[PDB]
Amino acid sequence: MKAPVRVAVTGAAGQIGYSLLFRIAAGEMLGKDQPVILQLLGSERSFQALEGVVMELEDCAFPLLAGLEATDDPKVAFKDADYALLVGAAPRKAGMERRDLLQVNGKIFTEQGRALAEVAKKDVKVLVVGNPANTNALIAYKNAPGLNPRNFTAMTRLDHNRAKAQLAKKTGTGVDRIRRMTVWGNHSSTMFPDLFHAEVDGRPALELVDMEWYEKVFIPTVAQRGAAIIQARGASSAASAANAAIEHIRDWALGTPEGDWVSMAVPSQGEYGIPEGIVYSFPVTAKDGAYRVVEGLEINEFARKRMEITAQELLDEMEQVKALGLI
């Protein structure tokens, strides 16, 4: 009954894309009643591999996959897109410094941001996954004049889910009973997982775990989780990252649970004193495809300091890209 929506996904032939596309086509991201048109973006280098991915999607005989098109042209992949998941980013070449990567990503997201403004739906929902996520998202929306900046977001949902998982583990409770988890700031080592407002079966988390565990165990473990996966599997967390991207888009479009909220890095508008413009992760609720930062939360010294530290790191990142003339 519902008309198909167009979903653009970049970095489609990569690891996250391989763990992402099938579940999207299965209807897990936008609903089992919502047909999707997959517009996949790849590079000339990985286009042959992308055709391989297209074949596997076809071989799943998905009833909701109403369209499937692979391309190496952003203007084609983003054409009339209702959703755009920017997973592709600059590769980690040997002898490629931080700044070297910075300018490569600068070109990618400047180009893609401009492509989106030119050919995608004006209300296209954008999620940046490719790192550095928050800053790449900044580059994109700044280069997407004509489009709503708040429609440009970055993913901290994996950090968010990792925090919920750790809290559930420690308390010996179902993760389905963990609510109001928050990861503030940058998707980086300075991220701040907040337990001051989190609840386990309705009870304040800090009534079940102590401050020492929270500070010396919980925070570092959530921050190092990505490395833990690599050290164990010998590969990055593609499947769980894909799951996080799906939930980020899903909750944004279909809405968050009553009494709960999720983490989303979005363009700051001064909430909690966070500098404007930078893409900062905040606790947010969503409804009808729009989200709202959860304000009014009490922020103690412990939280404030960590929130400011990650905010400063983001300001610094913005400073760098701005000096490069990217924005």
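We number the residues from 1 along the sequence you see.
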Checklist entry - Of the two stretches 63-71 and 295-303, which shows the higher Cα B-factor on average in the entry? => result 295-303
Item to check | Stretch with the higher entry mean CA B-factor, where the candidates are 53-61 and 36-44 | outcome: 36-44
Next on the checklist: Just the C-alpha B-factor column, please: which of 271, 260, 28, 288 has the biggest number?
Outcome noted: 288
Checklist outcome for this item: Top Cα B-factor in this entry, restricted to 193, 132, 91, 113, sits on 91
Checklist outcome for this item: Tertile call for residue 153 (CA temperature factor, within chain, third-based) is the lowest
Checklist entry - According to the PDB entry, is the CA B factor of residue 109 in the bottom, middle or top third of its chain, that is, lowest, middle or highest? => result middle
Checklist outcome for this item: Of the three thirds of Cα B-factor ranks in this chain, residue 197 occupies the middle
Checklist outcome for this item: Chain-relative C-alpha B factor for residue 21 (record values, thirds): the lowest
Checklist entry - Would the CA B-factor of residue 212 place it in the lowest, middle or highest third of its chain? => result highest
